[PDB]
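The chain below stands alone, shown as structure tokens; this is the form deposited in one PDB entry.
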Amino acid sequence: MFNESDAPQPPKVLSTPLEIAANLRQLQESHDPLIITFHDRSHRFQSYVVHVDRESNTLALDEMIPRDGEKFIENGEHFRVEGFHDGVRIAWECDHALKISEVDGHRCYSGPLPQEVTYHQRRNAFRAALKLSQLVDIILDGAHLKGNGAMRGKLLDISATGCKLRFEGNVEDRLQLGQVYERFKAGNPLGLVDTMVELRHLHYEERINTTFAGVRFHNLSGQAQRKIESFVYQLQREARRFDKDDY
């Protein structure tokens, strides 16, 4: 009904030539730089979209930068093409050989328009990856917590043995290093019920008005270990997937 505004937006595939051509025209008109990855070449190259014509089915890219990239075009090599317009990653593949030609006195490479272009806005992914968003909600409570109300914060980082948390404001004096807090909880998709944690590190960063805690899991149950261990496995899979920078 709405998009939780920090939710990562998945890739969109454009398959109509009217949409495809619009998107490529936009890259041309804004001169949004492209990167060309050839199937089995270590060096990547830059280009621009220098002509788009849906009536003739022609898409021409600019001369490669460095110009030595051109030998791979001569060779008819398959490549991925990649640019950004208004913050959105626009991508396609060229699975075929192009024509070496000129437009407005400069060498360019041409062929038919792609039948598929991807459209991916990746800001929300990036912010998640920066741990600025999509953070698991935590509660830290216990008999030894000073002040009224359980403390609400956010999970920054987790392992089999402990985690790092974030609290708004200066909440250092509510807490005691070395103390066991026997009501630690983490919301979804971790779903962890009252777990005990020992406080190991404690830092108020004034310039962002944020208190940071490092806790160690105290006498974990086996069902807790396995929930944490699976969460940790799933997290580092989405991290590795993000870092690949492949969609």
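Position 1 is the first residue in the sequence shown; the rest follow in order.
Below, we refer to the form deposited in another entry, which is not included among the displayed structures.
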| Which entry of 78, 100, 127, 21 falls at the hinge, with the rigid parts compared between this form and the one not shown | 127
| task | Mind checking the CA-CA distance of residue 129 and residue 32 in that other deposited form? It differs by 3 Å or more from this form, so is it closer or farther? | result | closer
| field | Shift in CA distance, residue 85 and residue 129, in that other deposited form relative to the form shown here, given it is 3 Å or more | value | closer
